[PDB]
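Scroll down for the structure; my scribbles are underneath it.
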Amino acid sequence: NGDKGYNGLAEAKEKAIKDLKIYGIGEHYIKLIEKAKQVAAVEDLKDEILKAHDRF
């Protein structure tokens with residue numbers, strides 16, 4: 001995970017922030033996915049972001 005040569009990381013980040021935007025997630029958290037080091041971080045961040053969203 002986090003392979004710079006493959007586009008899997010870029011596609012993972014793309015679909016991750018796609019989900020985020022669907023849930024009305026702001027850029028503050030969307031940037032976290034973009035700054036993710038690896039796909040595992042992308043998945044973990046997305047979840048934690050949506051938890052913070054659902055946390056009221």
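Each chain in the structure tokens gets a letter, A, B and so on, in the order shown; residues start at 1 in every chain, and ligands are counted from 1 in the order they appear.
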Original post:
Contacts of residue A:29 at 9 Å or less, counting only C-alpha atoms, minus same-chain residues fewer than 5 places along, as an MDAnalysis selection string?
Top reply: chainID A and resid 17 20 45:46 49
Original post:
Got a sec: who's within 9 Å of stretch 36-43 of chain A, counting only C-alpha atoms, leaving out chain neighbours fewer than 2 positions off, as a ChimeraX atom specification?
Top reply: /A:1-3,8-10,12-13,16,31-34,45-48
Original post:
In chain A, what's helix (DSSP H, G or I) per DSSP? Answer as a VMD selection string?
Top reply: chain A and resid 8 to 22 27 to 34 39 to 54
Those selected residues, please, written with N, CA, C and O atoms and delivered as a compact mmCIF listing (two decimals), in the first residue's frame.
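The file below, result04.txt, is the result:
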# COMPACT_ATOMS: atom_id res chain seq x y z
N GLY A 8 -3.11 2.90 -7.95
CA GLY A 8 -4.05 2.36 -6.98
C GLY A 8 -4.23 3.31 -5.80
O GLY A 8 -5.33 3.47 -5.28
N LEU A 9 -3.13 3.93 -5.38
CA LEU A 9 -3.18 4.90 -4.29
C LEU A 9 -4.01 6.12 -4.66
O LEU A 9 -4.83 6.59 -3.88
N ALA A 10 -3.79 6.63 -5.87
CA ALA A 10 -4.51 7.80 -6.35
C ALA A 10 -6.00 7.51 -6.50
O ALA A 10 -6.84 8.35 -6.18
N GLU A 11 -6.32 6.32 -6.98
CA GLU A 11 -7.71 5.90 -7.14
C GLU A 11 -8.37 5.67 -5.79
O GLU A 11 -9.56 5.96 -5.61
N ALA A 12 -7.61 5.16 -4.83
CA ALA A 12 -8.09 4.97 -3.47
C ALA A 12 -8.43 6.30 -2.82
O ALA A 12 -9.47 6.44 -2.17
N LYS A 13 -7.55 7.28 -2.99
CA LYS A 13 -7.76 8.61 -2.45
C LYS A 13 -8.93 9.31 -3.13
O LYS A 13 -9.70 10.03 -2.49
N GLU A 14 -9.06 9.09 -4.43
CA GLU A 14 -10.14 9.69 -5.21
C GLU A 14 -11.50 9.21 -4.72
O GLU A 14 -12.40 10.01 -4.46
N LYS A 15 -11.65 7.89 -4.59
CA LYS A 15 -12.92 7.30 -4.19
C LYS A 15 -13.20 7.55 -2.71
O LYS A 15 -14.35 7.59 -2.28
N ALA A 16 -12.13 7.70 -1.93
CA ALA A 16 -12.26 8.00 -0.51
C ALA A 16 -12.89 9.37 -0.29
O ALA A 16 -13.83 9.52 0.49
N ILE A 17 -12.36 10.38 -0.99
CA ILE A 17 -12.86 11.74 -0.85
C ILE A 17 -14.16 11.94 -1.60
O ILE A 17 -14.92 12.87 -1.33
N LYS A 18 -14.43 11.05 -2.56
CA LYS A 18 -15.74 10.96 -3.18
C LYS A 18 -16.81 10.59 -2.15
O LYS A 18 -17.85 11.24 -2.07
N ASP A 19 -16.54 9.55 -1.37
CA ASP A 19 -17.42 9.17 -0.27
C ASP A 19 -17.59 10.32 0.72
O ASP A 19 -18.70 10.62 1.14
N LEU A 20 -16.48 10.96 1.08
CA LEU A 20 -16.50 12.04 2.04
C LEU A 20 -17.41 13.18 1.58
O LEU A 20 -18.21 13.70 2.35
N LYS A 21 -17.28 13.54 0.31
CA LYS A 21 -18.09 14.62 -0.26
C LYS A 21 -19.57 14.25 -0.28
O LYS A 21 -20.43 15.12 -0.18
N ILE A 22 -19.85 12.96 -0.43
CA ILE A 22 -21.22 12.46 -0.40
C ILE A 22 -21.85 12.67 0.98
O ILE A 22 -23.06 12.85 1.09
N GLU A 27 -13.44 20.33 3.39
CA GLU A 27 -12.11 20.18 2.82
C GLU A 27 -11.07 19.88 3.89
O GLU A 27 -10.07 19.20 3.63
N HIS A 28 -11.32 20.38 5.10
CA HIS A 28 -10.41 20.15 6.22
C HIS A 28 -10.07 18.68 6.36
O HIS A 28 -8.92 18.32 6.64
N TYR A 29 -11.06 17.82 6.17
CA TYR A 29 -10.89 16.38 6.35
C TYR A 29 -10.55 15.70 5.04
O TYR A 29 -9.85 14.69 5.01
N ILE A 30 -11.06 16.25 3.94
CA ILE A 30 -10.73 15.75 2.61
C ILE A 30 -9.23 15.83 2.34
O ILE A 30 -8.67 14.97 1.67
N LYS A 31 -8.60 16.87 2.88
CA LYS A 31 -7.16 17.06 2.69
C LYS A 31 -6.36 15.97 3.39
O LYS A 31 -5.26 15.62 2.96
N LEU A 32 -6.92 15.43 4.47
CA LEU A 32 -6.26 14.37 5.23
C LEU A 32 -6.05 13.13 4.37
O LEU A 32 -5.01 12.47 4.45
N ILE A 33 -7.05 12.81 3.55
CA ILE A 33 -6.93 11.71 2.60
C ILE A 33 -5.87 11.99 1.55
O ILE A 33 -5.08 11.12 1.20
N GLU A 34 -5.86 13.22 1.05
CA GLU A 34 -4.89 13.63 0.03
C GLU A 34 -3.47 13.56 0.57
O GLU A 34 -2.52 13.32 -0.18
N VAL A 39 -2.60 3.52 1.21
CA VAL A 39 -4.01 3.19 1.06
C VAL A 39 -4.64 2.82 2.39
O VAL A 39 -5.80 3.14 2.65
N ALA A 40 -3.87 2.14 3.23
CA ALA A 40 -4.32 1.79 4.58
C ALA A 40 -4.68 3.04 5.37
O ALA A 40 -5.68 3.07 6.08
N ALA A 41 -3.85 4.08 5.25
CA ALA A 41 -4.12 5.36 5.89
C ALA A 41 -5.36 6.02 5.30
O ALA A 41 -6.15 6.64 6.01
N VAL A 42 -5.54 5.87 3.99
CA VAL A 42 -6.71 6.40 3.31
C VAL A 42 -7.99 5.81 3.87
O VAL A 42 -8.96 6.52 4.14
N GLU A 43 -8.00 4.49 4.06
CA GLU A 43 -9.17 3.79 4.57
C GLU A 43 -9.42 4.16 6.03
O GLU A 43 -10.56 4.40 6.43
N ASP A 44 -8.36 4.18 6.83
CA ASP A 44 -8.47 4.49 8.25
C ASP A 44 -8.94 5.92 8.47
O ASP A 44 -9.79 6.18 9.31
N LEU A 45 -8.37 6.85 7.70
CA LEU A 45 -8.72 8.26 7.82
C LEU A 45 -10.18 8.49 7.45
O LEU A 45 -10.91 9.17 8.18
N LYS A 46 -10.60 7.94 6.32
CA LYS A 46 -11.98 8.09 5.86
C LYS A 46 -12.97 7.68 6.94
O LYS A 46 -13.93 8.40 7.22
N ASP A 47 -12.74 6.52 7.54
CA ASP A 47 -13.61 6.02 8.60
C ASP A 47 -13.65 6.97 9.78
O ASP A 47 -14.72 7.33 10.27
N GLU A 48 -12.47 7.38 10.25
CA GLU A 48 -12.37 8.25 11.42
C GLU A 48 -12.99 9.61 11.14
O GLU A 48 -13.55 10.24 12.04
N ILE A 49 -12.88 10.07 9.90
CA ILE A 49 -13.49 11.33 9.49
C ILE A 49 -15.01 11.26 9.57
O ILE A 49 -15.66 12.19 10.05
N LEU A 50 -15.57 10.15 9.10
CA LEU A 50 -17.02 9.96 9.09
C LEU A 50 -17.55 9.71 10.50
O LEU A 50 -18.71 9.98 10.79
N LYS A 51 -16.68 9.18 11.36
CA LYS A 51 -17.00 9.05 12.78
C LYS A 51 -17.12 10.41 13.45
O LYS A 51 -18.03 10.65 14.24
N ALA A 52 -16.19 11.30 13.13
CA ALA A 52 -16.23 12.67 13.63
C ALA A 52 -17.45 13.41 13.10
O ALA A 52 -18.03 14.24 13.80
N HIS A 53 -17.83 13.11 11.86
CA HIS A 53 -19.04 13.67 11.27
C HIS A 53 -20.28 13.20 12.02
O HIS A 53 -21.15 14.00 12.36
N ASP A 54 -20.36 11.90 12.27
CA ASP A 54 -21.52 11.32 12.94
C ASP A 54 -21.50 11.62 14.43
O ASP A 54 -22.50 11.47 15.12
